>>> print(open('query_33.cif').read())   # mmCIF, C-alpha atoms
data_my_file
#
loop_
_atom_site.label_atom_id
_atom_site.label_comp_id
_atom_site.auth_asym_id
_atom_site.auth_seq_id
_atom_site.Cartn_x
_atom_site.Cartn_y
_atom_site.Cartn_z
CA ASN N 7 0.00 0.00 0.00
CA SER N 8 0.80 3.72 -0.60
CA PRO N 9 -1.29 6.67 -1.80
CA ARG N 10 -4.20 5.22 -3.75
CA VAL N 11 -6.05 5.93 -6.88
CA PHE N 12 -9.46 4.38 -7.62
CA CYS N 13 -10.73 3.04 -10.95
CA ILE N 14 -14.41 2.46 -10.42
CA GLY N 15 -17.06 0.60 -12.29
CA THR N 16 -20.81 0.73 -12.03
CA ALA N 17 -23.51 -1.43 -13.53
CA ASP N 18 -23.12 -0.29 -17.15
CA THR N 19 -19.40 -0.91 -17.30
CA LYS N 20 -18.27 -4.17 -18.80
CA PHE N 21 -15.31 -6.04 -17.31
CA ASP N 22 -12.93 -5.46 -20.25
CA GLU N 23 -13.71 -1.70 -20.24
CA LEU N 24 -12.67 -1.39 -16.60
CA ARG N 25 -9.58 -3.61 -17.08
CA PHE N 26 -8.25 -1.54 -20.00
CA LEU N 27 -8.77 1.70 -18.08
CA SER N 28 -7.14 0.51 -14.83
CA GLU N 29 -4.27 -0.98 -16.88
CA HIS N 30 -3.81 2.22 -18.81
CA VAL N 31 -4.01 4.37 -15.66
CA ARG N 32 -1.41 2.33 -13.84
CA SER N 33 0.94 2.13 -16.84
CA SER N 34 0.61 5.86 -17.38
CA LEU N 35 1.16 6.66 -13.73
CA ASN N 36 4.35 4.70 -13.96
CA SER N 37 5.35 6.17 -17.29
CA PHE N 38 4.65 9.84 -16.39
CA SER N 39 6.10 9.68 -12.94
CA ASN N 40 9.84 10.09 -12.35
CA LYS N 41 9.96 7.27 -9.68
CA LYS N 45 4.76 4.94 -6.39
CA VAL N 46 0.94 5.15 -6.81
CA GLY N 47 -1.34 2.15 -6.33
CA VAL N 48 -4.43 1.37 -8.39
CA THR N 49 -7.35 0.03 -6.37
CA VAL N 50 -10.17 -1.09 -8.69
CA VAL N 51 -13.57 -0.89 -7.13
CA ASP N 52 -16.90 -2.24 -8.28
CA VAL N 53 -20.06 -0.30 -7.22
CA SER N 54 -22.54 -2.09 -9.47
CA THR N 55 -26.02 -2.18 -7.85
CA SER N 56 -26.72 -5.54 -9.51
CA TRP N 57 -24.74 -8.76 -9.01
CA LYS N 58 -21.81 -9.51 -11.31
CA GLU N 59 -20.00 -12.80 -11.87
CA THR N 60 -16.64 -11.26 -10.96
CA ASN N 61 -15.11 -10.09 -7.65
CA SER N 62 -11.62 -9.24 -8.99
CA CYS N 63 -9.80 -7.32 -11.77
CA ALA N 64 -6.61 -8.91 -13.22
CA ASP N 65 -3.72 -8.27 -10.76
CA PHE N 66 -5.14 -5.13 -9.17
CA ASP N 67 -6.03 -4.57 -5.58
CA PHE N 68 -9.88 -4.87 -5.79
CA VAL N 69 -12.85 -4.06 -3.53
CA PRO N 70 -16.11 -5.67 -4.61
CA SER N 71 -19.58 -4.11 -4.38
CA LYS N 72 -20.41 -6.04 -1.17
CA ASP N 73 -17.54 -4.27 0.67
CA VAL N 74 -18.32 -0.68 -0.37
CA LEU N 75 -21.86 -1.32 0.67
CA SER N 76 -20.85 -2.85 3.99
CA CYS N 77 -19.53 0.53 5.19
CA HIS N 78 -22.80 2.43 5.20
CA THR N 79 -25.65 3.20 7.62
CA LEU N 80 -29.36 3.98 6.91
CA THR N 91 -33.98 10.08 -4.77
CA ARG N 92 -33.60 8.94 -8.39
CA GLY N 93 -33.60 5.22 -7.46
CA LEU N 94 -33.30 3.46 -4.14
CA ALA N 95 -30.54 1.13 -5.25
CA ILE N 96 -28.40 3.99 -6.47
CA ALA N 97 -29.33 6.15 -3.49
CA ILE N 98 -27.99 3.40 -1.24
CA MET N 99 -24.74 2.63 -3.12
CA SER N 100 -23.97 6.20 -3.91
CA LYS N 101 -24.05 6.94 -0.16
CA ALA N 102 -21.93 3.89 0.57
CA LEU N 103 -19.36 5.05 -2.00
CA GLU N 104 -19.32 8.57 -0.63
CA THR N 105 -18.58 7.34 2.88
CA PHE N 106 -16.10 4.84 1.51
CA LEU N 107 -13.75 7.27 -0.07
CA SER N 108 -14.44 10.01 2.45
CA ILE N 109 -12.49 7.55 4.69
CA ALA N 110 -9.57 6.88 2.31
CA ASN N 111 -9.34 10.66 1.83
CA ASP N 112 -9.54 11.01 5.56
CA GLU N 113 -6.51 8.75 5.70
CA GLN N 114 -4.81 11.25 3.37
CA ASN N 115 -4.31 8.33 1.02
CA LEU N 116 -6.36 9.27 -2.05
CA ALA N 117 -4.63 10.82 -5.07
CA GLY N 118 -7.81 10.85 -7.21
CA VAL N 119 -10.81 8.87 -8.47
CA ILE N 120 -11.96 7.74 -11.87
CA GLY N 121 -15.06 5.80 -12.83
CA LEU N 122 -17.25 5.12 -15.81
CA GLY N 123 -20.99 4.92 -16.27
CA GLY N 124 -24.08 5.80 -18.31
CA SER N 125 -26.83 8.10 -17.02
CA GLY N 126 -27.47 5.84 -14.04
CA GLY N 127 -23.79 5.17 -13.24
CA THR N 128 -22.83 8.80 -13.74
CA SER N 129 -25.44 9.98 -11.27
CA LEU N 130 -24.13 7.40 -8.83
CA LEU N 131 -20.49 8.39 -9.16
CA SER N 132 -21.10 12.09 -9.47
CA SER N 133 -22.44 12.82 -5.99
CA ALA N 134 -20.01 10.44 -4.30
CA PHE N 135 -17.18 12.21 -6.14
CA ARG N 136 -18.07 15.87 -5.83
CA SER N 137 -18.14 15.26 -2.06
CA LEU N 138 -14.32 15.36 -2.41
CA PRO N 139 -12.13 18.41 -1.91
CA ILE N 140 -11.78 20.70 -4.94
CA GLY N 141 -8.42 19.87 -6.54
CA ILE N 142 -8.59 16.13 -6.01
CA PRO N 143 -8.48 14.65 -9.46
CA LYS N 144 -11.99 13.33 -10.06
CA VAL N 145 -13.00 11.92 -13.48
CA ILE N 146 -16.00 10.14 -14.94
CA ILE N 147 -16.09 8.65 -18.40
CA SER N 148 -19.80 9.19 -18.99
CA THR N 149 -22.31 8.89 -21.78
CA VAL N 150 -24.29 11.90 -20.41
CA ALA N 151 -21.41 14.38 -20.91
CA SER N 152 -22.90 16.06 -23.92
CA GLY N 153 -26.15 17.35 -22.40
CA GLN N 154 -27.38 18.73 -19.10
CA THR N 155 -24.56 18.22 -16.62
CA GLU N 156 -25.55 20.81 -13.95
CA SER N 157 -27.09 18.11 -11.73
CA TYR N 158 -23.89 16.00 -11.91
CA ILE N 159 -21.00 18.51 -11.69
CA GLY N 160 -22.94 20.87 -9.48
CA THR N 161 -20.52 23.58 -8.38
CA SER N 162 -17.26 21.52 -8.28
CA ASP N 163 -14.30 20.46 -10.39
CA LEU N 164 -15.78 17.19 -11.63
CA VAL N 165 -14.65 16.40 -15.20
CA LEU N 166 -16.91 14.41 -17.48
CA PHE N 167 -15.29 12.75 -20.49
CA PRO N 168 -17.81 12.02 -23.24
CA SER N 169 -18.14 8.62 -24.90
CA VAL N 179 -16.53 3.06 -24.69
CA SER N 180 -13.57 2.85 -27.07
CA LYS N 181 -9.88 2.43 -26.46
CA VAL N 182 -8.97 5.79 -27.84
CA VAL N 183 -11.24 7.60 -25.38
CA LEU N 184 -10.43 5.22 -22.54
CA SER N 185 -6.80 6.05 -23.36
CA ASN N 186 -7.07 9.83 -23.16
CA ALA N 187 -9.26 9.72 -20.11
CA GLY N 188 -6.90 7.30 -18.44
CA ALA N 189 -3.90 9.30 -19.46
CA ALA N 190 -5.51 12.57 -18.42
CA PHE N 191 -6.12 11.15 -14.97
CA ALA N 192 -2.56 9.92 -14.62
CA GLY N 193 -1.47 13.43 -15.62
CA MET N 194 -3.46 15.22 -12.90
CA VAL N 195 -2.44 12.77 -10.21
CA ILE N 196 1.30 12.52 -10.84
CA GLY N 197 1.69 16.28 -11.42
CA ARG N 198 -0.29 16.93 -8.24
CA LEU N 199 1.91 14.54 -6.20
CA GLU N 200 5.20 15.63 -7.84
CA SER N 201 4.98 19.41 -7.05
CA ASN I 7 8.62 20.90 -36.94
CA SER I 8 8.40 18.83 -33.74
CA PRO I 9 5.05 18.13 -32.13
CA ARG I 10 3.30 21.25 -30.95
CA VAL I 11 0.55 22.22 -28.52
CA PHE I 12 -1.62 25.37 -28.51
CA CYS I 13 -2.90 27.11 -25.36
CA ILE I 14 -5.62 29.40 -26.58
CA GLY I 15 -7.59 32.33 -25.20
CA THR I 16 -8.66 35.96 -25.30
CA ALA I 17 -5.53 37.40 -23.72
CA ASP I 18 -7.05 40.91 -23.64
CA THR I 19 -8.72 39.84 -20.42
CA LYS I 20 -7.31 36.37 -19.57
CA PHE I 21 -3.57 36.97 -20.04
CA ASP I 22 -2.67 35.87 -16.49
CA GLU I 23 -4.71 32.75 -16.67
CA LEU I 24 -3.17 31.83 -20.06
CA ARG I 25 0.40 32.41 -18.98
CA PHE I 26 -0.17 30.47 -15.79
CA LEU I 27 -1.75 27.45 -17.45
CA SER I 28 0.87 27.36 -20.22
CA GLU I 29 3.53 27.63 -17.56
CA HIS I 30 1.98 24.47 -16.19
CA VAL I 31 1.32 22.62 -19.45
CA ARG I 32 4.95 23.25 -20.39
CA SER I 33 6.53 21.97 -17.19
CA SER I 34 4.23 18.99 -17.02
CA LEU I 35 4.98 18.10 -20.64
CA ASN I 36 8.65 18.26 -19.74
CA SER I 37 8.30 16.41 -16.49
CA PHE I 38 6.16 13.58 -17.92
CA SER I 39 8.18 13.08 -21.14
CA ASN I 40 10.82 10.35 -21.49
CA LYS I 41 12.97 11.79 -24.38
CA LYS I 45 10.32 17.16 -27.35
CA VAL I 46 6.96 19.00 -27.65
CA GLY I 47 6.63 22.78 -27.88
CA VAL I 48 3.98 24.96 -26.23
CA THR I 49 2.58 27.80 -28.27
CA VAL I 50 0.33 30.34 -26.71
CA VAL I 51 -2.18 31.83 -29.15
CA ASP I 52 -4.38 34.91 -28.73
CA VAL I 53 -7.94 35.07 -30.12
CA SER I 54 -9.09 38.38 -28.62
CA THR I 55 -10.99 40.85 -30.82
CA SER I 56 -10.70 43.92 -28.60
CA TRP I 57 -8.60 47.04 -28.96
CA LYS I 58 -6.47 45.71 -26.15
CA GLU I 59 -3.70 44.37 -28.34
CA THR I 60 -1.14 41.87 -26.96
CA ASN I 61 2.25 41.06 -28.63
CA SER I 62 3.86 38.40 -26.47
CA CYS I 63 3.37 36.07 -23.52
CA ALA I 64 6.49 35.79 -21.34
CA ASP I 65 8.93 33.41 -23.11
CA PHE I 66 6.37 31.24 -24.90
CA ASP I 67 6.15 30.81 -28.59
CA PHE I 68 3.30 33.24 -29.34
CA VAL I 69 0.95 33.84 -32.15
CA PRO I 70 -1.02 37.10 -32.07
CA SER I 71 -4.69 37.24 -33.06
CA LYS I 72 -3.74 38.93 -36.30
CA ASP I 73 -1.65 35.87 -37.29
CA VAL I 74 -4.63 33.67 -36.67
CA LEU I 75 -6.70 36.05 -38.79
CA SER I 76 -4.22 36.25 -41.67
CA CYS I 77 -4.30 32.57 -42.54
CA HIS I 78 -8.10 32.63 -43.01
CA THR I 79 -10.13 33.70 -46.00
CA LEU I 80 -13.53 35.17 -45.11
CA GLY I 81 -16.63 33.05 -45.84
CA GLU I 82 -20.25 32.55 -44.83
CA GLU I 83 -19.52 33.77 -41.26
CA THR I 84 -19.61 37.36 -42.44
CA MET I 85 -23.33 37.21 -43.23
CA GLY I 86 -24.42 35.65 -39.95
CA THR I 87 -26.92 37.28 -37.59
CA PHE I 88 -25.09 39.18 -34.79
CA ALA I 89 -26.45 41.45 -32.06
CA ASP I 90 -23.37 43.65 -32.65
CA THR I 91 -19.93 43.85 -34.30
CA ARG I 92 -18.10 42.27 -31.31
CA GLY I 93 -20.09 39.09 -32.04
CA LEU I 94 -19.19 39.34 -35.72
CA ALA I 95 -15.51 39.59 -34.75
CA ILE I 96 -15.90 36.52 -32.48
CA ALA I 97 -17.49 34.52 -35.33
CA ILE I 98 -14.83 35.40 -37.85
CA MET I 99 -12.11 34.62 -35.31
CA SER I 100 -13.72 31.30 -34.44
CA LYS I 101 -13.64 30.28 -38.08
CA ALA I 102 -10.13 31.61 -38.47
CA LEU I 103 -9.11 29.44 -35.49
CA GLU I 104 -10.70 26.42 -37.21
CA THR I 105 -8.52 27.05 -40.27
CA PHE I 106 -5.30 27.68 -38.21
CA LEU I 107 -5.76 24.53 -36.16
CA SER I 108 -6.74 22.65 -39.26
CA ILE I 109 -3.58 23.82 -40.95
CA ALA I 110 -1.44 22.86 -37.98
CA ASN I 111 -3.04 19.40 -38.04
CA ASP I 112 -2.55 19.02 -41.81
CA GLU I 113 1.12 19.82 -41.22
CA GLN I 114 0.87 17.27 -38.34
CA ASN I 115 2.49 19.67 -35.93
CA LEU I 116 -0.56 19.27 -33.78
CA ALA I 117 -0.19 17.21 -30.64
CA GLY I 118 -3.06 18.86 -28.74
CA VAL I 119 -5.17 21.93 -27.93
CA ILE I 120 -6.39 23.42 -24.70
CA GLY I 121 -8.25 26.69 -24.07
CA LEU I 122 -9.86 29.04 -21.52
CA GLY I 123 -13.06 30.95 -21.73
CA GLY I 124 -16.33 32.10 -20.32
CA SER I 125 -19.54 31.90 -22.30
CA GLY I 126 -18.00 33.75 -25.29
CA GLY I 127 -14.59 32.13 -25.44
CA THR I 128 -16.15 28.68 -24.97
CA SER I 129 -18.36 29.11 -28.07
CA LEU I 130 -15.38 30.36 -30.08
CA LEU I 131 -13.03 27.54 -29.02
CA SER I 132 -15.75 24.87 -29.12
CA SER I 133 -16.70 25.30 -32.76
CA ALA I 134 -13.07 25.10 -33.87
CA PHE I 135 -11.86 22.46 -31.40
CA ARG I 136 -14.53 20.03 -32.58
CA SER I 137 -13.58 20.36 -36.25
CA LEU I 138 -10.56 18.35 -35.16
CA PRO I 139 -10.53 14.58 -35.42
CA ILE I 140 -11.41 12.49 -32.38
CA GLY I 141 -8.32 11.50 -30.48
CA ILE I 142 -6.34 14.66 -30.66
CA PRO I 143 -6.51 15.98 -27.07
CA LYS I 144 -8.88 18.93 -26.90
CA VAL I 145 -9.82 20.50 -23.56
CA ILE I 146 -11.60 23.69 -22.57
CA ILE I 147 -11.46 25.26 -19.10
CA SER I 148 -14.93 26.78 -19.03
CA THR I 149 -17.30 28.38 -16.53
CA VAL I 150 -20.02 26.63 -18.54
CA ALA I 151 -19.02 22.92 -18.24
CA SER I 152 -21.59 22.84 -15.40
CA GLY I 153 -24.79 23.41 -17.36
CA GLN I 154 -26.02 22.61 -20.87
CA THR I 155 -23.06 21.33 -22.83
CA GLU I 156 -24.81 19.66 -25.83
CA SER I 157 -24.14 22.86 -27.72
CA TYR I 158 -20.35 22.87 -27.16
CA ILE I 159 -19.32 19.19 -27.22
CA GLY I 160 -21.90 18.04 -29.81
CA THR I 161 -20.76 14.63 -30.79
CA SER I 162 -16.97 15.12 -30.27
CA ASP I 163 -14.46 14.03 -27.60
CA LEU I 164 -13.90 17.63 -26.48
CA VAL I 165 -13.70 17.79 -22.66
CA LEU I 166 -14.88 20.73 -20.56
CA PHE I 167 -13.13 21.46 -17.25
CA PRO I 168 -15.36 23.36 -14.88
CA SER I 169 -13.87 26.68 -13.79
CA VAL I 170 -15.00 26.33 -10.13
CA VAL I 171 -13.95 29.95 -9.54
CA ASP I 172 -12.42 31.62 -6.47
CA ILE I 173 -12.84 34.20 -9.31
CA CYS I 174 -11.45 35.37 -12.68
CA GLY I 175 -7.69 35.77 -12.76
CA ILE I 176 -5.59 33.54 -10.58
CA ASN I 177 -6.12 32.68 -6.92
CA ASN I 178 -6.46 29.71 -4.51
CA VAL I 179 -9.08 27.40 -6.11
CA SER I 180 -9.02 28.57 -9.75
CA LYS I 181 -5.27 27.74 -9.51
CA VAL I 182 -5.85 24.11 -8.52
CA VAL I 183 -8.20 23.55 -11.49
CA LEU I 184 -5.81 25.30 -13.82
CA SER I 185 -2.90 23.11 -12.64
CA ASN I 186 -5.03 20.03 -12.90
CA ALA I 187 -6.36 20.98 -16.33
CA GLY I 188 -2.77 21.65 -17.37
CA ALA I 189 -1.39 18.37 -16.13
CA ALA I 190 -4.42 16.51 -17.44
CA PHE I 191 -3.72 17.96 -20.85
CA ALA I 192 0.01 17.25 -20.61
CA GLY I 193 -0.61 13.58 -19.74
CA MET I 194 -2.98 13.23 -22.66
CA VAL I 195 -0.45 14.69 -25.10
CA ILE I 196 2.61 12.71 -23.91
CA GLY I 197 0.58 9.51 -23.51
CA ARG I 198 -0.69 9.71 -27.06
CA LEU I 199 2.82 10.47 -28.43
CA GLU I 200 4.63 7.84 -26.38
CA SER I 201 1.94 5.17 -27.00
#
>>> encode(input="query_33.cif", output="structure tokens")
Amino acid sequence: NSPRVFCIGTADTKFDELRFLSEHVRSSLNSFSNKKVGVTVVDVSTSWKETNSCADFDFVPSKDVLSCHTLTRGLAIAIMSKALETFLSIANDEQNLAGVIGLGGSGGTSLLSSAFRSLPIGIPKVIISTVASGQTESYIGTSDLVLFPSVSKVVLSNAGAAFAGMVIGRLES
Amino acid sequence: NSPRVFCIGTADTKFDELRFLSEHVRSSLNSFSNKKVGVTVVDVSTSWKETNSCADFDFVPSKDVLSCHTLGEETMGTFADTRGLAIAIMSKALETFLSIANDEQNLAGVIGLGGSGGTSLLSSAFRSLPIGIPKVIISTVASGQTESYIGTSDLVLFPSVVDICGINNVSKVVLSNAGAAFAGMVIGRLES
């Protein structure tokens, strides 16, 4: 362990999408840096998925995010969104969060958005979303949340690379 | 010419923000490289407030942008006033300039600043570029209705958050981030 970065998937995101992104983030982190940042891959899908792991990455399945939470645009999302928010409010409270990146459609975006913009301005926070070109006010609110429009390796690549950029340059100042 | 990157804005009012961000794009591009990409600041202002250089950056004045463009349909557009006609002609002249840079495959990326007016100017031209070339816009409008600006492209809007215009505490951290985000996209694409 070390300072962490999170690649996050929602229901929407297919395994191979998340793998490519995490792989590209890590690589790029290593490549941009001047010599280290870990890549924790987290699943926050509201529906079950036949996979509680992501290649060789430190993982945290949807059951675990959820676990750390106590009890309106869906109940499922309302629940998980909250559980995510608390989850990385902790890892940021440990001063061990260099940024977060996730992908989702309209549902997944609205899940990640709120959980993300609850993080201090300046903390790299990225969402590769299919609702980027449209009304974003409700997602970005009044914060520095970046929405990359849509997934495709070329766009996964630039998003991934853009995130590595913000992180590294923020940590190497 | 080596790969090249344009940091674009209306320097007549955003000079400090442009310099600052380019300062950051440049050092990040350096830092993150393993090898050499130039940073060119370019002015698209249409006001009397004329600007001739930006620190020690390669610089192209708004009249240089203008001079590579032949007038077209833009001239006969609507327009509440002549400022808006200047903005439209400039926007199209940017489109040509960028397009020329990309035909001469100098073009490794574009980034820009702007409010409502800048963002329309940069949008229109940034999206004429093929998908994949890094194109970012630090805009006070990213939080709102973006369909207009991004259309169907890969253009990314960075929200301006705003501790205000100019440079201070929290606009700085988004400018840095935007800068480094852009740098990583450019290097990553070139060293991939």
>>> resolve_selection(input="query_33.cif", expression="the PyMOL selection byres ((chain I) within 6 of (chain N))", output="PyMOL selection string")
chain I and resi 38+152-156+159+163+165+167-168+170+182+186+189-190+193-194
>>> write_last_selection(input="query_33.cif", atoms="C-alpha atoms", output="PDB file, keeping the file's coordinate frame")
ATOM      1  CA  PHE I  38       6.160  13.580 -17.920  1.00  0.00           C
ATOM      2  CA  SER I 152     -21.590  22.840 -15.400  1.00  0.00           C
ATOM      3  CA  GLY I 153     -24.790  23.410 -17.360  1.00  0.00           C
ATOM      4  CA  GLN I 154     -26.020  22.610 -20.870  1.00  0.00           C
ATOM      5  CA  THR I 155     -23.060  21.330 -22.830  1.00  0.00           C
ATOM      6  CA  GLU I 156     -24.810  19.660 -25.830  1.00  0.00           C
ATOM      7  CA  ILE I 159     -19.320  19.190 -27.220  1.00  0.00           C
ATOM      8  CA  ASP I 163     -14.460  14.030 -27.600  1.00  0.00           C
ATOM      9  CA  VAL I 165     -13.700  17.790 -22.660  1.00  0.00           C
ATOM     10  CA  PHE I 167     -13.130  21.460 -17.250  1.00  0.00           C
ATOM     11  CA  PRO I 168     -15.360  23.360 -14.880  1.00  0.00           C
ATOM     12  CA  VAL I 170     -15.000  26.330 -10.130  1.00  0.00           C
ATOM     13  CA  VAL I 182      -5.850  24.110  -8.520  1.00  0.00           C
ATOM     14  CA  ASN I 186      -5.030  20.030 -12.900  1.00  0.00           C
ATOM     15  CA  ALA I 189      -1.390  18.370 -16.130  1.00  0.00           C
ATOM     16  CA  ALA I 190      -4.420  16.510 -17.440  1.00  0.00           C
ATOM     17  CA  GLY I 193      -0.610  13.580 -19.740  1.00  0.00           C
ATOM     18  CA  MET I 194      -2.980  13.230 -22.660  1.00  0.00           C
TER      19      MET I 194
END
>>> closest_residue(input="query_33.cif", among="I:174, I:149, I:98, I:72", to="residue 19 of chain I", atoms="all atoms listed in the file")
I:174
>>> residues_near_point(input="query_33.cif", point="(-4.0, 33.6, -26.8)", cutoff="9 Å", atoms="all atoms listed in the file", output="PDB file with C-alpha atoms, keeping the file's coordinate frame")
ATOM      1  CA  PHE I  12      -1.620  25.370 -28.510  1.00  0.00           C
ATOM      2  CA  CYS I  13      -2.900  27.110 -25.360  1.00  0.00           C
ATOM      3  CA  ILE I  14      -5.620  29.400 -26.580  1.00  0.00           C
ATOM      4  CA  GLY I  15      -7.590  32.330 -25.200  1.00  0.00           C
ATOM      5  CA  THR I  16      -8.660  35.960 -25.300  1.00  0.00           C
ATOM      6  CA  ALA I  17      -5.530  37.400 -23.720  1.00  0.00           C
ATOM      7  CA  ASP I  18      -7.050  40.910 -23.640  1.00  0.00           C
ATOM      8  CA  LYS I  20      -7.310  36.370 -19.570  1.00  0.00           C
ATOM      9  CA  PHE I  21      -3.570  36.970 -20.040  1.00  0.00           C
ATOM     10  CA  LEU I  24      -3.170  31.830 -20.060  1.00  0.00           C
ATOM     11  CA  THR I  49       2.580  27.800 -28.270  1.00  0.00           C
ATOM     12  CA  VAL I  50       0.330  30.340 -26.710  1.00  0.00           C
ATOM     13  CA  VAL I  51      -2.180  31.830 -29.150  1.00  0.00           C
ATOM     14  CA  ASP I  52      -4.380  34.910 -28.730  1.00  0.00           C
ATOM     15  CA  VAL I  53      -7.940  35.070 -30.120  1.00  0.00           C
ATOM     16  CA  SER I  54      -9.090  38.380 -28.620  1.00  0.00           C
ATOM     17  CA  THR I  60      -1.140  41.870 -26.960  1.00  0.00           C
ATOM     18  CA  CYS I  63       3.370  36.070 -23.520  1.00  0.00           C
ATOM     19  CA  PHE I  68       3.300  33.240 -29.340  1.00  0.00           C
ATOM     20  CA  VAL I  69       0.950  33.840 -32.150  1.00  0.00           C
ATOM     21  CA  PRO I  70      -1.020  37.100 -32.070  1.00  0.00           C
ATOM     22  CA  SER I  71      -4.690  37.240 -33.060  1.00  0.00           C
ATOM     23  CA  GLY I 121      -8.250  26.690 -24.070  1.00  0.00           C
TER      24      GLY I 121
END
>>> atom_distance(input="query_33.cif", atom1="atom CA of residue 121 of chain N", atom2="atom CA of residue 185 of chain I")
21.2 Å
>>> residues_around(input="query_33.cif", residues="residue 55 of chain N", least_positions_apart="3", cutoff="7 Å", atoms="only C-alpha atoms", output="PyMOL selection string")
chain N and resi 17+95-96+99
>>> residues_around(input="query_33.cif", residues="residue 115 of chain I", least_positions_apart="4", cutoff="7 Å", atoms="only C-alpha atoms", output="MDAnalysis selection string")
chainID I and resid 7:10 110:111
>>> closest_residue(input="query_33.cif", among="N:14, N:26, N:47, N:52", to="residue 119 of chain N", atoms="only C-alpha atoms")
N:14
>>> atom_distance(input="query_33.cif", atom1="atom CA of residue 48 of chain I", atom2="atom CA of residue 61 of chain I")
16.4 Å
>>> atom_distance(input="query_33.cif", atom1="atom CA of residue 28 of chain N", atom2="atom CA of residue 27 of chain I")
27.6 Å
>>> resolve_selection(input="query_33.cif", expression="the PyMOL selection byres ((chain I and resi 96) around 12)", output="PyMOL selection string")
chain I and resi 15-16+53-56+71+75+83-84+86+88-95+97-103+125-131+133-134
>>> residues_around(input="query_33.cif", residues="residue 200 of chain I", least_positions_apart="3", cutoff="9 Å", atoms="all atoms listed in the file", output="ChimeraX atom specification")
/I:39-40,195-197
>>> resolve_selection(input="query_33.cif", expression="the PyMOL selection byres ((chain N and resi 145) around 6)", output="PDB file with C-alpha atoms, in the frame of the given file")
ATOM      1  CA  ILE N 120     -11.960   7.740 -11.870  1.00  0.00           C
ATOM      2  CA  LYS N 144     -11.990  13.330 -10.060  1.00  0.00           C
ATOM      3  CA  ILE N 146     -16.000  10.140 -14.940  1.00  0.00           C
ATOM      4  CA  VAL N 165     -14.650  16.400 -15.200  1.00  0.00           C
TER       5      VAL N 165
END
>>> residues_around(input="query_33.cif", residues="segment 21-23 of chain N", least_positions_apart="3", cutoff="10 Å", atoms="all atoms listed in the file", output="PyMOL selection string")
chain N and resi 15+18+26-28+52+58-60+62-63+122+179-181+184
>>> closest_residue(input="query_33.cif", among="I:113, I:181, I:105, I:123", to="residue 79 of chain I", atoms="all atoms listed in the file")
I:105
>>> closest_residue(input="query_33.cif", among="N:7, N:19, N:49, N:79", to="residue 104 of chain N", atoms="only C-alpha atoms")
N:79
>>> closest_residue(input="query_33.cif", among="N:16, N:61, N:138, N:32", to="residue 110 of chain N", atoms="all atoms listed in the file")
N:138
>>> decode(input="query_33.cif", residues="segment 13-25 of chain N", atoms="N, CA and C atoms", output="CSV table (one decimal), in the first residue's frame")
chain,number,residue,atom,x,y,z
N,13,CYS,N,-10.0,3.2,-9.7
N,13,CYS,CA,-10.7,3.0,-11.0
N,13,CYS,C,-12.0,2.3,-10.6
N,14,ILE,N,-13.1,2.9,-10.9
N,14,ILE,CA,-14.4,2.5,-10.4
N,14,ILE,C,-15.4,2.1,-11.5
N,15,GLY,N,-16.1,1.0,-11.3
N,15,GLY,CA,-17.1,0.6,-12.3
N,15,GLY,C,-18.4,0.5,-11.6
N,16,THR,N,-19.4,0.8,-12.4
N,16,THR,CA,-20.8,0.7,-12.0
N,16,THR,C,-21.4,-0.3,-12.9
N,17,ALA,N,-22.7,-0.6,-12.6
N,17,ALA,CA,-23.5,-1.4,-13.5
N,17,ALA,C,-23.6,-0.5,-14.7
N,18,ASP,N,-23.4,-1.1,-15.9
N,18,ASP,CA,-23.1,-0.3,-17.2
N,18,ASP,C,-21.8,-0.8,-17.7
N,19,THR,N,-20.7,-0.7,-16.9
N,19,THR,CA,-19.4,-0.9,-17.3
N,19,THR,C,-19.1,-2.4,-17.4
N,20,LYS,N,-18.5,-2.8,-18.5
N,20,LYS,CA,-18.3,-4.2,-18.8
N,20,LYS,C,-16.9,-4.4,-18.2
N,21,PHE,N,-16.6,-5.7,-17.9
N,21,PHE,CA,-15.3,-6.0,-17.3
N,21,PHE,C,-14.2,-5.5,-18.1
N,22,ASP,N,-14.1,-5.8,-19.4
N,22,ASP,CA,-12.9,-5.5,-20.2
N,22,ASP,C,-12.7,-3.9,-20.3
N,23,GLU,N,-13.8,-3.2,-20.4
N,23,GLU,CA,-13.7,-1.7,-20.2
N,23,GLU,C,-12.9,-1.3,-19.0
N,24,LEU,N,-13.3,-1.8,-17.9
N,24,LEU,CA,-12.7,-1.4,-16.6
N,24,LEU,C,-11.2,-1.8,-16.5
N,25,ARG,N,-10.9,-3.0,-17.1
N,25,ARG,CA,-9.6,-3.6,-17.1
N,25,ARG,C,-8.6,-2.7,-17.9
